[PDB]
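Shown next, in structure tokens, is the structure this report addresses.
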Amino acid sequence: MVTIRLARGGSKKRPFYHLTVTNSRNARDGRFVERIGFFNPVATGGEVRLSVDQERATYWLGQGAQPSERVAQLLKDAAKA
Amino acid sequence: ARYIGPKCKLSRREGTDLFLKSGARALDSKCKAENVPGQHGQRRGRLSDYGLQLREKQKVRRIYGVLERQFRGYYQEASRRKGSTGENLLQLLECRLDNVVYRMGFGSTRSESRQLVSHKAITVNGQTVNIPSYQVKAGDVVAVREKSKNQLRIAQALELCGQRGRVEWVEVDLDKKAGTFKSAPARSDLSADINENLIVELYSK
Amino acid sequence: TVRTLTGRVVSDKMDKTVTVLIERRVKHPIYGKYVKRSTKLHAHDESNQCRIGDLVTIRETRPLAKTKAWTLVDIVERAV
Amino acid sequence: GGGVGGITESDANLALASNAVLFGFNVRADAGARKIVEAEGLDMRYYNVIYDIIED
Amino acid sequence: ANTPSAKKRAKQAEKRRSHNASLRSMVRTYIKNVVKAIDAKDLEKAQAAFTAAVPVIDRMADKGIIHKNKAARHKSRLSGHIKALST
RNA sequence: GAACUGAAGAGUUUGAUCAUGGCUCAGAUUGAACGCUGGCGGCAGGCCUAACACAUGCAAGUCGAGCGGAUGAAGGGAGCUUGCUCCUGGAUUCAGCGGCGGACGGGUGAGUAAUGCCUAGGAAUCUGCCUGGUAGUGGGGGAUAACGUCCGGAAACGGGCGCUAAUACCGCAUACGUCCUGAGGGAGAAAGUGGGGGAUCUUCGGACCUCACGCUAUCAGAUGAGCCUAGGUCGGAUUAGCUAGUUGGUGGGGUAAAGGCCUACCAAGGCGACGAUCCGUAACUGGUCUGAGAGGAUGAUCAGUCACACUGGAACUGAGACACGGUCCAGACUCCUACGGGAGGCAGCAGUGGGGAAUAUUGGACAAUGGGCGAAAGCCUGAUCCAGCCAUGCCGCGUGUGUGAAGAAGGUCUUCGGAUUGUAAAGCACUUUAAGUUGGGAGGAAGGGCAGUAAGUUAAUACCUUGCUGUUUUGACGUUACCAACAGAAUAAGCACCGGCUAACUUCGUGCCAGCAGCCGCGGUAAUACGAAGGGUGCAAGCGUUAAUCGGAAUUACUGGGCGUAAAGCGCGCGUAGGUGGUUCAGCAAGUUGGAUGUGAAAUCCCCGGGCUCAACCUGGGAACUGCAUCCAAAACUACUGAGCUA
Ligand SMILES: [Mg+2]
Ligand SMILES: [Mg+2]
Ligand SMILES: [Mg+2]
Ligand SMILES: [Mg+2]
Ligand SMILES: [Mg+2]
Ligand SMILES: [Mg+2]
Ligand SMILES: [Mg+2]
Ligand SMILES: [Mg+2]
Ligand SMILES: [Mg+2]
Ligand SMILES: [Mg+2]
Ligand SMILES: [Mg+2]
Ligand SMILES: [Mg+2]
Ligand SMILES: [Mg+2]
Ligand SMILES: [Mg+2]
Ligand SMILES: [Mg+2]
Ligand SMILES: [Mg+2]
Ligand SMILES: [Mg+2]
Ligand SMILES: [Mg+2]
Ligand SMILES: [Mg+2]
Ligand SMILES: [Mg+2]
Ligand SMILES: [Mg+2]
Ligand SMILES: [Mg+2]
Ligand SMILES: [Mg+2]
Ligand SMILES: [Mg+2]
Ligand SMILES: [Mg+2]
Ligand SMILES: [Mg+2]
Ligand SMILES: [Mg+2]
Ligand SMILES: [Mg+2]
Ligand SMILES: [Mg+2]
Ligand SMILES: [Mg+2]
Ligand SMILES: [Mg+2]
Ligand SMILES: [Mg+2]
Ligand SMILES: [Mg+2]
Ligand SMILES: [Mg+2]
Ligand SMILES: [Mg+2]
Ligand SMILES: [Mg+2]
Ligand SMILES: [Mg+2]
Ligand SMILES: [Mg+2]
Ligand SMILES: [Mg+2]
Ligand SMILES: [Mg+2]
Ligand SMILES: [Mg+2]
Ligand SMILES: [Mg+2]
Ligand SMILES: [Mg+2]
Ligand SMILES: [Mg+2]
Ligand SMILES: [Mg+2]
Ligand SMILES: [Mg+2]
Ligand SMILES: [Mg+2]
Ligand SMILES: [Mg+2]
Ligand SMILES: [Mg+2]
Ligand SMILES: [Mg+2]
Ligand SMILES: [Mg+2]
Ligand SMILES: [Mg+2]
Ligand SMILES: [Mg+2]
Ligand SMILES: [Mg+2]
Ligand SMILES: [Mg+2]
Ligand SMILES: [Mg+2]
Ligand SMILES: [Mg+2]
Ligand SMILES: [Mg+2]
Ligand SMILES: [Mg+2]
Ligand SMILES: [Mg+2]
Ligand SMILES: [Mg+2]
């Protein structure tokens, strides 16, 4: 199906994540349909920990996209704030 | 790497003061600084335009004690920046942490300020920095660690920096050895003998 | 709406189809001069009403044979 | 040229460059060395007792 | 094969092929009866064969042996041929 | 506010000079190799050659809440007696049937010059799981693996007879949509499990109610693929003709779908100097390296597409393959064997031989992000996250700091006066980064089990779902990043060059030898050019050499060159394609100009910021992508159309 998951970038022991809407049978860092924000496990300082597009996320969830476990938790946390 | 060796043949070869000793006693009464180093010292040997450009670049590099690859990086950054790379290079060289510690009177020379910085005795924004290339920004407060405030080196360095000229762009708080970087010193704040046009000419070839 | 192409008729010896030549003018990539290029298309003439020399207009449809996917909609300059 | 292991292209065309006889004691040549030996007229003998080599 | 899954898939696939071939031949024979009846210019035979053949075509399309588009195409062309034959 | 800003020449033809012209040099880059030398860390990279052949491990499984069967705990007990037997129950585990997955993820670049790729379009299709609607899940039937049984085989294992279930398979019933048919009418589905329960009957075997999962038709959406058109995509003319299903029409067949896709008749068409056909070479693109730009060269790592899977074919199953660890046939090559008879495919991760100038470990964990199955614990995962090796690259840091004139001793040169190595050393006094030892110490972690409470669902304080609360539980890396203490200057500098180009010079040996050399050129008894030694100049954990691309080269000249004598006007006409067009009105709108919309993937380049003690590196937003297509507008010029005039 179509899912929303985390694509890993950054560098060794310094991970950065893009919240990506992908066909499920693609590479983790391969082709995607749309990026709807990012997540920073380290952040600190002026860096934000995570940001999401509410509009795009709701639109894709309304079209039948299944988010992962981390994407579900992070999206509900973002909606909490 | 680092140039470690006789730090006065450089002055004789360049033919200018090119401060490398503490300046306590003199320069003339240590080396007879009127002849090029080596056996063929009495010869004069007028040299060509490429030689003049090379000598100018070497003089600047030996003044600030940086090697060739880092200097090329500095030149590329100065060219990238806006507004007349010629003094951009000097702006960028005059902001290194070892040079700033030297200008504040904490060290007698550049090598001793490098000794201090590398050996974890300097804090920039209340936190330790030991990279003698850290580009200090306007408004930082270079200080000395409390466990390193009783070294004599700082005492002689301060009492001897008391008479070399007023920098007038850093305020040193003498009693507790804390400084402040107001801004980068403009071209008119440095000596008007370096011909940076020769450096830019040399690298643009 | 629908985009069309306009050109001359260069052959009508086939049955229920015509050969149309389309002239285009393209600037040369490197030397800058404008040179003229030609395109040959096979168009569909249902009632065989086009003769050599006619200036006509055609549009794109689904393929009707191999090497034939254009259909004509109007004859605008009848040949002599 | 000595060595341990099967007969290879390197020793085949080392023998080719010295008019040498190619002896293999308890070893075999591979496909490429066989191609080279067939192409020219190199003589290659196999053995399993050293005294046959001495006699030859 | 190297793993049990591949062997089981091969066995199940052979069974599937054996099951499917008979049903495909069934559909083909039922269509060929109508085609032969039409080719012989025999009306009542054509209606009898068409009425016998439509249910099996639809049933086998529904089971997944053939695609429903093929069933619709066969029905349409047979109906057209028979209707043209009647006149 | 920014997204740029940018361009050097020199040596060598002559006795000397100007020009022409070739050669060479100074720069920046490599997936580099070799020689000498070698301390540390961070981030990357690592068979470019034989799509050569492969020993050995691992790389794709999961579901008992779909189904029989056999394994049969703890317990309640019963008997006899210390332990056994028996029964009821029964927890766990799966060889088999069955459902999904295996078409993904991973590798390689042989073939392919156009069924590929890039850009812009469109019409005639299908699409498992996913989302939202619509209508349903009623009732029968015959089987078969497993299993028991009988033989053969060295084994691999094979064969006959009997017996049994299912969400396996096949009819029947019905049809909101659905198929075709003209109205008229006809045709086509399913499957049941798991947790609870009020009242009723029954063996609360169950029916019945409820929830969850599942199944069947169908519409829309999302996603993914199939198909068509236009333009572009290497060199060769010492390759000029190519094509008979070929080009078009009709009837028919076939496909999910248009179509010579196929077939039977009819016609003789189709392509080509705007380069067909043929020959050679080659995956393409974003991009990368150079360049002031225009251009030139090139497709490593990263991302998109394509093709391939020992070689040549073919289909089956499936929503999807002509199938990368599936089937069948043939072939080449290895091997087993008990000689009767079978097996194999590392261009998956390690690894080996071979070829080569040359490219690494039979490592750890599923802790994190993903993928398959499951309901959920959970299982699997050489993807991935990490470790190992190698100065291969980029970046950063060390190998100490201040004072110190008997200007020590030694070396070298000397006009024998001295100069230089040189504040260099020693001496004196300081500091401990990195490395060594010791002790502290984050962040990568979301979740899972249990227990309680509150809401919603019903018919119900049941089950279940969801908020929250309490407790318990998780890290390969890892002796983590980082921080504090101790000791001592202690543990750490080489390589090339010094005649001009081109920064840096003298002595001693040798004597057209030995040798050097990028180009001029050095060496034949005072060699700043060979070989050493003193001194010096460039770089520096690297320094040189070799190979290769662009630059300088305006030396293929579009930007931006030439042809009287340096190379260069056909011996001279005529003329075909083509290029170009005297001068007035009027129209049109292809070129041309302006604007709007859509697109031009992400990363990369650039600008402004933010995080690693800095940098490399990572990352947010913007700019750009100079192009393409469609609309609206303008009419000076070119094109086109109509009518004139005479230079
Ligand atoms: Mg370095
Ligand atoms: Mg047609
Ligand atoms: Mg069906
Ligand atoms: Mg001469
Ligand atoms: Mg290879
Ligand atoms: Mg099992
Ligand atoms: Mg792939
Ligand atoms: Mg290829
Ligand atoms: Mg070819
Ligand atoms: Mg029925
Ligand atoms: Mg049923
Ligand atoms: Mg069924
Ligand atoms: Mg279930
Ligand atoms: Mg094309
Ligand atoms: Mg035919
Ligand atoms: Mg037809
Ligand atoms: Mg198909
Ligand atoms: Mg076709
Ligand atoms: Mg036809
Ligand atoms: Mg050609
Ligand atoms: Mg090739
Ligand atoms: Mg140029
Ligand atoms: Mg290419
Ligand atoms: Mg590769
Ligand atoms: Mg790729
Ligand atoms: Mg094959
Ligand atoms: Mg099928
Ligand atoms: Mg395939
Ligand atoms: Mg497979
Ligand atoms: Mg394999
Ligand atoms: Mg391998
Ligand atoms: Mg192979
Ligand atoms: Mg070798
Ligand atoms: Mg190597
Ligand atoms: Mg995992
Ligand atoms: Mg289990
Ligand atoms: Mg395993
Ligand atoms: Mg493992
Ligand atoms: Mg290193
Ligand atoms: Mg090396
Ligand atoms: Mg002496
Ligand atoms: Mg933690
Ligand atoms: Mg010189
Ligand atoms: Mg001599
Ligand atoms: Mg020389
Ligand atoms: Mg020499
Ligand atoms: Mg070169
Ligand atoms: Mg050029
Ligand atoms: Mg060149
Ligand atoms: Mg020109
Ligand atoms: Mg010329
Ligand atoms: Mg001439
Ligand atoms: Mg002449
Ligand atoms: Mg003439
Ligand atoms: Mg003409
Ligand atoms: Mg004119
Ligand atoms: Mg004309
Ligand atoms: Mg982009
Ligand atoms: Mg910073
Ligand atoms: Mg933009
Ligand atoms: Mg107008």
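Going by the structure tokens order, chains are called A, B, ..., each with residues numbered from 1, while ligands are numbered from 1 in the order shown.
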Requested in this report: Excluding range 70-83 of chain F and residues on its chain fewer than 3 positions from it, collect all residues at most 12 Å away from it, counting only C-alpha atoms (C1' of nucleotides), and give them as a ChimeraX atom specification.
Outcome: /F:86-96,146-147
Report task. Show me which residues sit within 12 Å of ligand 43 when counting only C-alpha atoms (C1' of nucleotides) and all ligand atoms, and put them as a PyMOL selection string. Result -> (chain B and resi 45-52) or (chain F and resi 498-505+528+537)
Can you spit out the residues from that selection as a PDB file, in the first residue's frame, using C-alpha atoms (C1' of nucleotides)?
ATOM      1  CA  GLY B  45      70.370  39.736  -5.794  1.00  0.00           C
ATOM      2  CA  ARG B  46      67.521  41.875  -7.130  1.00  0.00           C
ATOM      3  CA  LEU B  47      64.643  39.538  -7.977  1.00  0.00           C
ATOM      4  CA  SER B  48      61.699  39.435 -10.360  1.00  0.00           C
ATOM      5  CA  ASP B  49      57.982  40.213 -10.087  1.00  0.00           C
ATOM      6  CA  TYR B  50      57.056  36.609  -9.299  1.00  0.00           C
ATOM      7  CA  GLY B  51      59.717  36.749  -6.599  1.00  0.00           C
ATOM      8  CA  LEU B  52      58.166  39.873  -5.082  1.00  0.00           C
TER       9      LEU B  52
ATOM     10  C1'   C F 498      68.571  25.196  -6.486  1.00  0.00           C
ATOM     11  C1'   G F 499      71.472  27.138 -15.667  1.00  0.00           C
ATOM     12  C1'   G F 500      66.736  29.928 -18.069  1.00  0.00           C
ATOM     13  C1'   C F 501      61.586  29.297 -18.219  1.00  0.00           C
ATOM     14  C1'   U F 502      60.989  29.169 -12.158  1.00  0.00           C
ATOM     15  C1'   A F 503      61.781  30.761  -5.643  1.00  0.00           C
ATOM     16  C1'   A F 504      66.712  29.031  -4.137  1.00  0.00           C
ATOM     17  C1'   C F 505      74.964  28.558  -4.858  1.00  0.00           C
ATOM     18  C1'   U F 528      76.359  27.250 -10.095  1.00  0.00           C
ATOM     19  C1'   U F 537      64.208  27.402  -1.546  1.00  0.00           C
TER      20        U F 537
END
Could the residues of chain C that have an atom at most 7 Å from chain F be listed as JSON lines, each with its closest atom pair and the distance in Å to one decimal, counting only C-alpha atoms (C1' of nucleotides) and ordered by chain and ascending residue number?
{"residue": "C:14", "atom": "CA", "partner": "F:248", "partner_atom": "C1'", "distance": 5.5}
{"residue": "C:15", "atom": "CA", "partner": "F:248", "partner_atom": "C1'", "distance": 5.7}
{"residue": "C:30", "atom": "CA", "partner": "F:558", "partner_atom": "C1'", "distance": 6.0}
{"residue": "C:31", "atom": "CA", "partner": "F:558", "partner_atom": "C1'", "distance": 4.8}
{"residue": "C:37", "atom": "CA", "partner": "F:274", "partner_atom": "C1'", "distance": 5.8}
{"residue": "C:38", "atom": "CA", "partner": "F:274", "partner_atom": "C1'", "distance": 6.7}
{"residue": "C:62", "atom": "CA", "partner": "F:258", "partner_atom": "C1'", "distance": 6.2}
{"residue": "C:63", "atom": "CA", "partner": "F:258", "partner_atom": "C1'", "distance": 5.8}
{"residue": "C:64", "atom": "CA", "partner": "F:259", "partner_atom": "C1'", "distance": 6.7}
{"residue": "C:65", "atom": "CA", "partner": "F:259", "partner_atom": "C1'", "distance": 5.4}
{"residue": "C:66", "atom": "CA", "partner": "F:259", "partner_atom": "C1'", "distance": 5.8}
Query raised in the report: Got a sec to check which residues lie within 9 Å of ligand 15, using only C-alpha atoms (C1' of nucleotides) and all ligand atoms, and send them as an NGL selection string?
Result: :F and (245 or 260 or 262-265)
Residue subset to file, keeping C-alpha atoms (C1' of nucleotides), as a PDB file, in the first residue's frame:
ATOM      1  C1'   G F 245       3.114  -8.596 -43.948  1.00  0.00           C
ATOM      2  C1'   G F 260      -0.401  -6.219 -39.605  1.00  0.00           C
ATOM      3  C1'   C F 262      -2.468 -12.470 -36.708  1.00  0.00           C
ATOM      4  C1'   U F 263      -5.191 -14.372 -40.869  1.00  0.00           C
ATOM      5  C1'   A F 264      -8.048 -14.489 -45.953  1.00  0.00           C
ATOM      6  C1'   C F 265      -9.047 -11.430 -50.143  1.00  0.00           C
TER       7        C F 265
END
Report task. Please identify all polymer residues within 12 Å of range 48-53 of chain D, counting only C-alpha atoms (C1' of nucleotides), omitting same-chain residues fewer than 4 positions from it, and present them as a VMD selection string. Result -> chain D and resid 21 to 28 44
**Report entry** Polymer residues at most 7 Å from residue 41 in chain A, only C-alpha atoms (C1' of nucleotides), same-chain spacing of 4 or more positions, as an NGL selection string
**Finding:** :A and (15-16 or 49)
Query raised in the report: Quick one: DSSP strand (DSSP E or B) residues in range 5-55 of chain D, as a ChimeraX atom specification?
Result: /D:7,22-25,29,44-47
Residues of the last selection are to be written out with N, CA and C atoms, as a PDB file, in the first residue's frame.
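Done, and the output landed in selection_1.pdb:
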ATOM      1  N   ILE D   7      49.261 -25.172 -13.140  1.00  0.00           N
ATOM      2  CA  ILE D   7      49.928 -24.445 -14.216  1.00  0.00           C
ATOM      3  C   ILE D   7      48.999 -23.354 -14.727  1.00  0.00           C
ATOM      4  N   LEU D  22      57.740 -27.327 -19.856  1.00  0.00           N
ATOM      5  CA  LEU D  22      56.819 -27.055 -18.758  1.00  0.00           C
ATOM      6  C   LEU D  22      56.486 -28.366 -18.053  1.00  0.00           C
ATOM      7  N   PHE D  23      57.021 -28.544 -16.849  1.00  0.00           N
ATOM      8  CA  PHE D  23      56.822 -29.754 -16.063  1.00  0.00           C
ATOM      9  C   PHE D  23      55.873 -29.469 -14.910  1.00  0.00           C
ATOM     10  N   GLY D  24      54.856 -30.312 -14.767  1.00  0.00           N
ATOM     11  CA  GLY D  24      53.956 -30.234 -13.636  1.00  0.00           C
ATOM     12  C   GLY D  24      53.907 -31.532 -12.861  1.00  0.00           C
ATOM     13  N   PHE D  25      54.400 -31.515 -11.627  1.00  0.00           N
ATOM     14  CA  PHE D  25      54.462 -32.699 -10.779  1.00  0.00           C
ATOM     15  C   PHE D  25      53.250 -32.693  -9.857  1.00  0.00           C
ATOM     16  N   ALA D  29      47.043 -28.186 -15.478  1.00  0.00           N
ATOM     17  CA  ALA D  29      46.873 -26.864 -16.061  1.00  0.00           C
ATOM     18  C   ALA D  29      45.395 -26.509 -16.129  1.00  0.00           C
ATOM     19  N   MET D  44      54.218 -29.970 -22.680  1.00  0.00           N
ATOM     20  CA  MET D  44      53.884 -29.985 -21.266  1.00  0.00           C
ATOM     21  C   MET D  44      53.672 -31.426 -20.829  1.00  0.00           C
ATOM     22  N   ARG D  45      54.429 -31.858 -19.826  1.00  0.00           N
ATOM     23  CA  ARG D  45      54.371 -33.224 -19.333  1.00  0.00           C
ATOM     24  C   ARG D  45      53.862 -33.229 -17.900  1.00  0.00           C
ATOM     25  N   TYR D  46      52.991 -34.182 -17.588  1.00  0.00           N
ATOM     26  CA  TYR D  46      52.526 -34.409 -16.230  1.00  0.00           C
ATOM     27  C   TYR D  46      53.274 -35.587 -15.624  1.00  0.00           C
ATOM     28  N   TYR D  47      53.375 -35.590 -14.298  1.00  0.00           N
ATOM     29  CA  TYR D  47      54.112 -36.627 -13.595  1.00  0.00           C
ATOM     30  C   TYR D  47      53.527 -36.812 -12.206  1.00  0.00           C
TER      31      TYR D  47
END
Query raised in the report: Residues at most 12 Å from ligand 17, using only C-alpha atoms (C1' of nucleotides) and all ligand atoms? Could they come as a PyMOL selection string?
Result: (chain E and resi 66-67) or (chain F and resi 125-126+225-226+255-257+318-322)
Save out the residues we just selected, N, CA, C and O atoms (P, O5', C5', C4', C3', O3' and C1' of nucleotides), as a PDB file, in the first residue's frame.
ATOM      1  N   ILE E  66     -10.797 -16.994 -16.763  1.00  0.00           N
ATOM      2  CA  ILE E  66     -10.603 -15.993 -17.802  1.00  0.00           C
ATOM      3  C   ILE E  66     -11.063 -14.647 -17.257  1.00  0.00           C
ATOM      4  O   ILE E  66     -11.684 -14.558 -16.199  1.00  0.00           O
ATOM      5  N   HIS E  67     -10.740 -13.591 -17.996  1.00  0.00           N
ATOM      6  CA  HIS E  67     -11.111 -12.248 -17.581  1.00  0.00           C
ATOM      7  C   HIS E  67     -12.504 -11.903 -18.089  1.00  0.00           C
ATOM      8  O   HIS E  67     -12.892 -12.296 -19.192  1.00  0.00           O
TER       9      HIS E  67
ATOM     10  P     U F 125     -11.493   1.360 -23.159  1.00  0.00           P
ATOM     11  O5'   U F 125     -10.229   0.577 -22.596  1.00  0.00           O
ATOM     12  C5'   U F 125     -10.086   0.332 -21.209  1.00  0.00           C
ATOM     13  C4'   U F 125      -8.942  -0.606 -20.936  1.00  0.00           C
ATOM     14  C3'   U F 125      -8.752  -1.011 -19.486  1.00  0.00           C
ATOM     15  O3'   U F 125      -9.627  -2.056 -19.098  1.00  0.00           O
ATOM     16  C1'   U F 125      -6.666  -0.401 -20.421  1.00  0.00           C
ATOM     17  P     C F 126     -10.399  -1.995 -17.691  1.00  0.00           P
ATOM     18  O5'   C F 126      -9.428  -2.761 -16.689  1.00  0.00           O
ATOM     19  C5'   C F 126      -9.102  -4.124 -16.906  1.00  0.00           C
ATOM     20  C4'   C F 126      -7.721  -4.459 -16.401  1.00  0.00           C
ATOM     21  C3'   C F 126      -7.502  -4.333 -14.903  1.00  0.00           C
ATOM     22  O3'   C F 126      -8.001  -5.437 -14.170  1.00  0.00           O
ATOM     23  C1'   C F 126      -5.698  -3.330 -16.047  1.00  0.00           C
ATOM     24  P     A F 225       5.690   2.153 -12.038  1.00  0.00           P
ATOM     25  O5'   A F 225       4.947   1.318 -13.174  1.00  0.00           O
ATOM     26  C5'   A F 225       5.441   0.052 -13.579  1.00  0.00           C
ATOM     27  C4'   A F 225       4.392  -0.787 -14.268  1.00  0.00           C
ATOM     28  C3'   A F 225       4.169  -0.532 -15.747  1.00  0.00           C
ATOM     29  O3'   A F 225       5.177  -1.084 -16.573  1.00  0.00           O
ATOM     30  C1'   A F 225       2.085  -0.754 -14.671  1.00  0.00           C
ATOM     31  P     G F 226       5.536  -0.382 -17.972  1.00  0.00           P
ATOM     32  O5'   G F 226       4.375  -0.857 -18.950  1.00  0.00           O
ATOM     33  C5'   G F 226       4.117  -2.236 -19.158  1.00  0.00           C
ATOM     34  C4'   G F 226       2.838  -2.455 -19.924  1.00  0.00           C
ATOM     35  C3'   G F 226       2.679  -1.662 -21.208  1.00  0.00           C
ATOM     36  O3'   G F 226       3.411  -2.195 -22.295  1.00  0.00           O
ATOM     37  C1'   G F 226       0.680  -1.543 -19.973  1.00  0.00           C
ATOM     38  P     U F 255      -7.693 -13.780 -26.201  1.00  0.00           P
ATOM     39  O5'   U F 255      -6.979 -12.399 -25.872  1.00  0.00           O
ATOM     40  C5'   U F 255      -5.582 -12.342 -25.627  1.00  0.00           C
ATOM     41  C4'   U F 255      -5.137 -10.934 -25.337  1.00  0.00           C
ATOM     42  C3'   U F 255      -5.963 -10.179 -24.310  1.00  0.00           C
ATOM     43  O3'   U F 255      -5.603 -10.504 -22.978  1.00  0.00           O
ATOM     44  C1'   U F 255      -5.583  -8.803 -26.202  1.00  0.00           C
ATOM     45  P     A F 256      -6.729 -10.826 -21.878  1.00  0.00           P
ATOM     46  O5'   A F 256      -7.043  -9.410 -21.230  1.00  0.00           O
ATOM     47  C5'   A F 256      -8.300  -9.126 -20.637  1.00  0.00           C
ATOM     48  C4'   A F 256      -8.466  -7.642 -20.463  1.00  0.00           C
ATOM     49  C3'   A F 256      -8.289  -6.832 -21.740  1.00  0.00           C
ATOM     50  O3'   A F 256      -9.526  -6.657 -22.406  1.00  0.00           O
ATOM     51  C1'   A F 256      -6.918  -5.941 -20.008  1.00  0.00           C
ATOM     52  P     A F 257      -9.628  -6.719 -24.003  1.00  0.00           P
ATOM     53  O5'   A F 257      -9.084  -5.302 -24.479  1.00  0.00           O
ATOM     54  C5'   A F 257      -9.770  -4.106 -24.136  1.00  0.00           C
ATOM     55  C4'   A F 257      -8.901  -2.891 -24.336  1.00  0.00           C
ATOM     56  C3'   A F 257      -8.248  -2.759 -25.704  1.00  0.00           C
ATOM     57  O3'   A F 257      -9.119  -2.192 -26.667  1.00  0.00           O
ATOM     58  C1'   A F 257      -6.636  -2.382 -24.013  1.00  0.00           C
ATOM     59  P     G F 318      -3.719 -19.524 -10.794  1.00  0.00           P
ATOM     60  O5'   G F 318      -3.186 -18.106 -10.309  1.00  0.00           O
ATOM     61  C5'   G F 318      -2.990 -17.835  -8.930  1.00  0.00           C
ATOM     62  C4'   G F 318      -1.967 -16.748  -8.710  1.00  0.00           C
ATOM     63  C3'   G F 318      -2.380 -15.338  -9.094  1.00  0.00           C
ATOM     64  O3'   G F 318      -3.210 -14.709  -8.133  1.00  0.00           O
ATOM     65  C1'   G F 318      -0.243 -15.772  -9.966  1.00  0.00           C
ATOM     66  P     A F 319      -4.603 -14.045  -8.583  1.00  0.00           P
ATOM     67  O5'   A F 319      -4.171 -12.714  -9.347  1.00  0.00           O
ATOM     68  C5'   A F 319      -5.103 -11.978 -10.128  1.00  0.00           C
ATOM     69  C4'   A F 319      -4.627 -10.566 -10.366  1.00  0.00           C
ATOM     70  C3'   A F 319      -3.258 -10.425 -11.015  1.00  0.00           C
ATOM     71  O3'   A F 319      -3.328 -10.494 -12.428  1.00  0.00           O
ATOM     72  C1'   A F 319      -3.416  -8.986  -9.134  1.00  0.00           C
ATOM     73  P     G F 320      -2.270 -11.369 -13.258  1.00  0.00           P
ATOM     74  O5'   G F 320      -0.890 -10.590 -13.086  1.00  0.00           O
ATOM     75  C5'   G F 320      -0.667  -9.335 -13.717  1.00  0.00           C
ATOM     76  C4'   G F 320       0.494  -8.607 -13.089  1.00  0.00           C
ATOM     77  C3'   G F 320       1.833  -9.325 -13.154  1.00  0.00           C
ATOM     78  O3'   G F 320       2.517  -9.084 -14.373  1.00  0.00           O
ATOM     79  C1'   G F 320       1.435  -8.574 -10.941  1.00  0.00           C
ATOM     80  P     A F 321       2.792 -10.275 -15.417  1.00  0.00           P
ATOM     81  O5'   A F 321       4.215 -10.847 -14.988  1.00  0.00           O
ATOM     82  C5'   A F 321       5.304  -9.971 -14.725  1.00  0.00           C
ATOM     83  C4'   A F 321       6.623 -10.700 -14.676  1.00  0.00           C
ATOM     84  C3'   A F 321       6.950 -11.564 -15.895  1.00  0.00           C
ATOM     85  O3'   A F 321       8.345 -11.469 -16.188  1.00  0.00           O
ATOM     86  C1'   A F 321       7.012 -12.889 -13.938  1.00  0.00           C
ATOM     87  P     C F 322       8.876 -10.412 -17.277  1.00  0.00           P
ATOM     88  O5'   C F 322       8.371 -10.999 -18.668  1.00  0.00           O
ATOM     89  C5'   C F 322       9.212 -11.822 -19.466  1.00  0.00           C
ATOM     90  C4'   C F 322       9.388 -13.187 -18.856  1.00  0.00           C
ATOM     91  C3'   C F 322      10.291 -14.137 -19.642  1.00  0.00           C
ATOM     92  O3'   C F 322      11.314 -14.751 -18.827  1.00  0.00           O
ATOM     93  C1'   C F 322       8.141 -15.128 -19.298  1.00  0.00           C
TER      94        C F 322
END
Query raised in the report: When the cut-off is 10 Å and we count only C-alpha atoms (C1' of nucleotides), which residues of chain D are near chain F, given as a PyMOL selection string?
Result: chain D and resi 5-6+8-10+30-32
Query raised in the report: Please, what distance in Å, to one decimal, runs between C1' of residue 197 in chain F and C1' of residue 463 in chain F?
Result: 9.1 Å
Query raised in the report: Residues at most 10 Å from residue 43 in chain E, counting only C-alpha atoms (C1' of nucleotides), excluding those fewer than 4 positions away in the same chain, as an NGL selection string?
Result: :E and (37-38 or 47-49 or 82-83 or 85-86)
Requested in this report: Within 6 Å of chain A, which residues of chain F are there when counting only C-alpha atoms (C1' of nucleotides)? Please give them as an NGL selection string.
Outcome: :F and (104 or 130-131 or 222 or 370 or 618)
Report task. Name each residue within 9 Å of ligand 21, counting only C-alpha atoms (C1' of nucleotides) and all ligand atoms, as a PyMOL selection string. Result -> chain F and resi 109-112+281-283
Query raised in the report: So which residues touch range 161-173 of chain B within 7 Å, counting only C-alpha atoms (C1' of nucleotides), skipping near sequence neighbours fewer than 6 positions away, as a count of residues only?
Result: 8
**Report entry** Shell of 12 Å around residue 76 in chain A, only C-alpha atoms (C1' of nucleotides), local chain residues under 4 positions omitted, as an MDAnalysis selection string
**Finding:** chainID A and resid 50:52 54 57:58 67:72 80:81
